[PDB]
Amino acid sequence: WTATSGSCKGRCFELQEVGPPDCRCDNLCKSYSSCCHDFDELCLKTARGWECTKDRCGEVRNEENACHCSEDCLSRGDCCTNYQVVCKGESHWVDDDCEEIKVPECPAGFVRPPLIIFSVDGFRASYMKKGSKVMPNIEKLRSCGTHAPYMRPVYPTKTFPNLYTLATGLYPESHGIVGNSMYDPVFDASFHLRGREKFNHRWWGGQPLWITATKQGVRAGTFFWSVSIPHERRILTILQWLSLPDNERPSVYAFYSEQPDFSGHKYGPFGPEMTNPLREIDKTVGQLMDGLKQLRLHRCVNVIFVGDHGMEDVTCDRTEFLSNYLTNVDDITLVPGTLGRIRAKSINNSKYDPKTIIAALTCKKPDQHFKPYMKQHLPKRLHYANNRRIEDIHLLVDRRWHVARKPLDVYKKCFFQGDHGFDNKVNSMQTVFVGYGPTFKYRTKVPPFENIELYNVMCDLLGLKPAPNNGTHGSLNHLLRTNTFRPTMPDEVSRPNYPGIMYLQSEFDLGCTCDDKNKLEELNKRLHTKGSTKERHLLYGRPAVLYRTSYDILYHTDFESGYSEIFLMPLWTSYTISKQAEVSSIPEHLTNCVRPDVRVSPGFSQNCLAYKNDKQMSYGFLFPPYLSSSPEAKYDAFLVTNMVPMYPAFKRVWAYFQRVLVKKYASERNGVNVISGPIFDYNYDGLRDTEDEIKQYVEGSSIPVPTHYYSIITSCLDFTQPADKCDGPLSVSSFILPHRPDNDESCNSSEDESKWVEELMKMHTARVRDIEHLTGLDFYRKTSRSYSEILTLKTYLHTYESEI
């Protein structure tokens, strides 16, 4: 109950929310149904429209007008945005040549350039090119400021997860807003688009930008707007706030547009009805910029034009129904649409089994348009598991499709031609970024980047220290003219041992066998074991270990490794494969060869007997024998310290990568440097497991089984230079392959690895940064590149999509 008895007199769009029981006058009161009786009358004035006309010029003030064209309007801060153009001979901002903004040109009393975030819902990245003719204000921002060809949203590519990621720098799994619709089993409460539960603070984790600003003494405009407040009034309100006295005026503001998303759902992303919403958005940007110009703020304010996600073509007829797959369809609850999330309809149903639901959903139809996963098996790049609000069973839905429980849900709940929510590497889901202002660079294009990085930059723009978040601070320094953030590399926590030959063959009782059999060549092999070729295979310095552990550096002719005495295998193995390198086979006599490593105690070694006994588990090697530089160097690849546990199903994947793909990349990229290793993430939190988190060992041993295997493949960005003699920027692609005992994820896996392995790898593409979180390692410590450029390289994701 609200005491709507109060008045909004002089409180219109009040910045601090008034305490109950009082009627509210803030931009969100509509949505709470708590506005004062006179809110519409005093605060949502419409009389006379939004534009000055020649006859209105120098009129006597009439407080009933929506905006004013009287002489005092500028100093009152409430002129219509076209006032100086219609009445004072000025030009519209869009008609002015752009001029570099080298420094902020702010009125006296501004302690920092204000930040305005202009967010546009559903603004697909290709709209910038495809709509350019009808968006002249936006086009000017884009070509005069700093822009990316596109910006990557987070998964799922839905409205609330992405707006709140923009605000916090966090993945949905960490901020807690994991969909537009959610059930939290601890609260036993549901979050919906319609309704009041979504206003409860307990849903909203991390620390959004407005809160970060407030805590550090920077005042914020209210970011959220009731849908019924027209866009023109939102713009007028921000401009009015910008006229407040120095002590009252906010430094950060947000405008939000429900368009083009609203129309995109109805008409599809490129429907002919889409031109008008785009024109109208541009007109709004033009009113803002004209309005800033009148206030002498157009060369003072930093403006971010940013979308939350794109929009894809999706229609009723492209719906998969779980009732075609599951006999037990009424025993599940599905969160439906462009993603699926499944849980038991009732917690009292003891006959509910996720394994049988998964199996009934797996590769059941030739062109099946969704794929089931236990959430811990989703591509790690999605970071979509570590939240109790994310159901154990997930359906990744093909672009252009929906999943639903039963046909009745679709025709009794066609209409829409667009939707979003799909995998965040999908081109149609990409959105936009443009930065314009004194702190952004001039006429500069930057590579695509992820929206999780923006919170840091917005903090930088406002001189704030960001709360802990998933961005990599410094990775977007190249967007900025100043206010860059200069981080230091993390300090290495553990130093390696460099073991020499310390054990005799006979001290090893590992159940291992190998058919293995001159001072010129013997001085040579000794030099290689001391690191003589390390400069060839360790191109960017050794990775630093950022946690407390015990490990050894092991040198070889063809590869170098950091070998964990705790996990009994390498944390990392590093090797370089030149364009000229030749692939060989494992000679027949060496087929089951495993050799003790005389530098490493039996007590810190794997053993072959454990693999023999473990009927499910086999082994592979991190440096592949196929790539050995000579028959003699090949023996190094069979060392027990190069061995890792591998399910035979995974060996199919791993063998193809090592035998076929590495050489292919080396030929295509002019040499590659490869770092591979294991990953343990049994609690699916995207972070390196400690030894006590390991859920699976090779039977009868203390050899921990990895959940994933990574590789990082680096070469020269200028591919006319070979990877090992590169003078400038680097180029990287990486992956985090799930280590699974079956290939159920690949519906074509009965076929030859040339028909399905590369597709699996593409799906499990990763950023180096993802691997760093998962391993506690820090890569690229010794390059001739600036650290910020390396941070950018570490956040790179090779997506394998075609051109935007």
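All residue numbers refer to positions in the sequence shown, first residue = 1. Each form is matched to the other, and the largest set of C-alpha atoms that superpose within 1.5 Å is called the rigid core.
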Looking at C-alpha RMS in 6 other deposited structures of this protein with the core superposed, is it 791 to 799 or 10 to 18 that drifts more? 10 to 18
Fit on the core, then compare CA atoms: does 518 to 526 or 288 to 296 lie farther from this form in 6 other deposited structures of this protein? 518 to 526
Gap size between residue 194 and residue 195, counting deposited residues with no coordinates: none, 1 to 3, 4 to 9, or 10 or more? none
Continuity check for residue 517 and residue 518, given as deposited residues lacking coordinates between them: 4 to 9
Hey, which bit's got the bigger mean C-alpha B factor in the entry, 101 to 109 or 639 to 647? 101 to 109
428 to 436 set against 235 to 243, stretch whose average Cα temperature factor tops the other in the entry: 235 to 243
Per the coordinate record, which of the options 95, 258, 320, 419 holds the highest CA temperature factor? 95
Looking at 766, 737, 35, 763, which has the highest Cα B-factor in the entry? 35
In terms of its chain's C-alpha B-factors, the third that includes residue 779 is the lowest
Chain thirds by Cα B factor, record data; residue 659 belongs to the middle
Residue 472: CA B-factor among chain residues, third -> lowest
Considering every modelled residue of the chain and its Cα B-factor in the PDB entry, is residue 11 in the lowest, middle or highest third? highest
Place residue 64 in the lowest, middle or highest third of its chain's C-alpha B-factors, as listed in the PDB entry. highest
